[PDB]
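Here's the structure we're looking at; comments come further down.
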Amino acid sequence: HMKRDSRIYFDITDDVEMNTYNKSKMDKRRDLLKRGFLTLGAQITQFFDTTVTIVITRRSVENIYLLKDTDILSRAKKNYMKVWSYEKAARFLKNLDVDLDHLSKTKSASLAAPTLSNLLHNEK
């Protein structure tokens with residue numbers, strides 16, 4: 001049970017470069033977050049506009065001040081919407097006792113991207 005009329009927009013723009021497969025995986029995480037919120041009674045908007053209350057983004061929140069005024073993240077801060085990273089969004093869901101792994105048919109650890117850090121752990 002979430003706030004009455006939460007309207008969540010998922011930012012579609014990235015500010016990091018990544019390979020095709022890693023991009024696909026980020027989209028899977030996005031979709032998983034989406035079912036999570038749908039389950040809490042959120043409305044997931046297709047467009048960004050002034051009726052949006054929460055924006056969920058893969059971009060640098062700390063560096064929003066450096067973006068153009070027309071950027072949805074700028075407009076979101078200006079309108080006092082919450083701006084969350086995927087990680088913070090996931091924390092929020094967990095805090096409301098949503099079990100993300102119960103939402104998918106596939107493994108939710110399958111959405112981790114551990115390769116490089118595993119090669120570093122092994123090298124060390």
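So you can find residues: chains in the structure tokens are A, B, ... in the order shown, residues in each start at 1, and ligands are numbered from 1 in order.
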Each stretch 80-124 of chain A residue no farther than 9 Å from stretch 37-44 of chain A, nearest pair in Å, only C-alpha atoms, as a Markdown table:
| residue | atom | partner | partner_atom | distance |
| --- | --- | --- | --- | --- |
| A:93 | CA | A:37 | CA | 7.4 |
| A:96 | CA | A:40 | CA | 8.7 |
| A:98 | CA | A:39 | CA | 8.3 |
Could you turn the residues from that selection into a file that holds N, CA and C atoms, as a PDB file, in the first residue's frame?
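Output file again-v4.pdb is given in full below:
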ATOM      1  N   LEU A  93      11.186  -0.004  -2.050  1.00  0.00           N
ATOM      2  CA  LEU A  93      10.312  -1.166  -2.201  1.00  0.00           C
ATOM      3  C   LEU A  93      10.552  -2.159  -1.086  1.00  0.00           C
ATOM      4  N   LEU A  96       9.017  -1.320   2.092  1.00  0.00           N
ATOM      5  CA  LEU A  96       7.574  -1.551   2.157  1.00  0.00           C
ATOM      6  C   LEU A  96       7.260  -3.021   1.951  1.00  0.00           C
ATOM      7  N   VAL A  98       7.999  -5.331  -0.136  1.00  0.00           N
ATOM      8  CA  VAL A  98       7.807  -5.945  -1.446  1.00  0.00           C
ATOM      9  C   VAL A  98       8.984  -6.874  -1.707  1.00  0.00           C
TER      10      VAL A  98
END
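Contact shell of residue A:35 at 9 Å (only C-alpha atoms; same-chain neighbours under 5 positions omitted): residues 30, 40, 100, 103 and 104 of chain A.
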Could you name the residues that touch stretch 10-25 of chain A at 10 Å or less, counting only C-alpha atoms, but leaving out those on the same chain fewer than 2 positions away, as an MDAnalysis selection string? chainID A and resid 8 27:31 33:34 44:48 54:60 71:73 83:86 110:113
Write the residues of the selection above to a file with C-alpha atoms, as a CSV table (one decimal), in the first residue's frame.
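Result file result-v3.csv:
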chain,number,residue,atom,x,y,z
A,8,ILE,CA,6.2,7.4,-11.4
A,27,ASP,CA,16.0,-2.5,-18.8
A,28,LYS,CA,15.2,-5.8,-17.0
A,29,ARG,CA,15.9,-4.1,-13.7
A,30,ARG,CA,13.7,-1.2,-14.7
A,31,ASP,CA,10.9,-3.6,-15.6
A,33,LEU,CA,11.1,-2.1,-10.4
A,34,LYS,CA,8.0,-1.3,-12.4
A,44,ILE,CA,3.6,4.3,-14.2
A,45,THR,CA,3.6,7.2,-16.6
A,46,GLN,CA,4.7,6.9,-20.2
A,47,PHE,CA,5.5,10.6,-20.6
A,48,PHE,CA,7.1,13.0,-18.2
A,54,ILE,CA,8.4,10.5,-8.7
A,55,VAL,CA,11.1,10.1,-11.3
A,56,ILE,CA,13.3,7.0,-11.3
A,57,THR,CA,16.6,7.3,-13.1
A,58,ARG,CA,19.9,5.6,-14.0
A,59,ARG,CA,21.6,9.0,-14.3
A,60,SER,CA,23.8,11.1,-11.9
A,71,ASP,CA,16.0,18.2,-19.0
A,72,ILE,CA,13.3,16.2,-17.2
A,73,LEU,CA,15.7,15.8,-14.2
A,83,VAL,CA,14.3,11.8,-7.9
A,84,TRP,CA,15.5,8.2,-7.2
A,85,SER,CA,18.2,6.0,-8.6
A,86,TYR,CA,17.3,2.3,-9.2
A,110,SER,CA,20.5,-13.0,-12.6
A,111,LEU,CA,20.2,-9.2,-12.9
A,112,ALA,CA,23.4,-8.6,-11.0
A,113,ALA,CA,26.4,-7.5,-13.1
Please extract the residues of stretch 9-67 of chain A with a backbone DSSP assignment of alpha helix (DSSP H) and present them as a PyMOL selection string. chain A and resi 20-39
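Between atom CA of residue A:63 and atom CA of residue A:76 there is a distance of 13.4 Å.
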Using DSSP assignments from the backbone, pull out every residue in chain A that falls under strand (DSSP E) and give it to me as number ranges by chain. A: 7-10, 43-45, 54-57, 82-85
Export N, CA and C atoms of the chosen residues as a compact mmCIF listing (two decimals), in the first residue's frame?
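Final output, saved to result_32.txt:
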# COMPACT_ATOMS: atom_id res chain seq x y z
N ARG A 7 2.69 8.94 -9.10
CA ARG A 7 2.86 8.86 -10.54
C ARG A 7 4.34 8.80 -10.85
N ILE A 8 4.76 7.63 -11.31
CA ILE A 8 6.18 7.35 -11.43
C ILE A 8 6.58 7.38 -12.88
N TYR A 9 7.58 8.19 -13.19
CA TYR A 9 8.13 8.23 -14.54
C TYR A 9 9.53 7.62 -14.53
N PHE A 10 9.77 6.67 -15.42
CA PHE A 10 11.10 6.07 -15.55
C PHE A 10 11.93 6.79 -16.61
N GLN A 43 0.98 4.62 -10.31
CA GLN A 43 0.72 4.75 -11.73
C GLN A 43 2.05 5.00 -12.44
N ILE A 44 2.34 4.22 -13.47
CA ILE A 44 3.61 4.34 -14.16
C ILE A 44 3.39 5.12 -15.45
N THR A 45 3.90 6.34 -15.52
CA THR A 45 3.59 7.21 -16.64
C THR A 45 4.49 6.93 -17.83
N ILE A 54 7.18 11.14 -8.87
CA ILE A 54 8.45 10.46 -8.66
C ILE A 54 9.05 10.10 -9.99
N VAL A 55 10.33 10.44 -10.14
CA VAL A 55 11.12 10.08 -11.31
C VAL A 55 12.21 9.09 -10.90
N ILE A 56 12.32 7.98 -11.62
CA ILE A 56 13.32 6.97 -11.32
C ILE A 56 14.34 6.87 -12.46
N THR A 57 15.62 7.05 -12.12
CA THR A 57 16.64 7.34 -13.13
C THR A 57 17.94 6.54 -12.97
N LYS A 82 10.27 13.71 -6.19
CA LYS A 82 11.37 12.89 -5.73
C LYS A 82 12.11 12.35 -6.95
N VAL A 83 13.43 12.34 -6.86
CA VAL A 83 14.27 11.76 -7.90
C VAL A 83 15.11 10.65 -7.29
N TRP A 84 14.90 9.42 -7.75
CA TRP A 84 15.53 8.24 -7.17
C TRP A 84 16.35 7.49 -8.19
N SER A 85 17.48 6.94 -7.76
CA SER A 85 18.23 5.98 -8.56
C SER A 85 17.53 4.62 -8.46
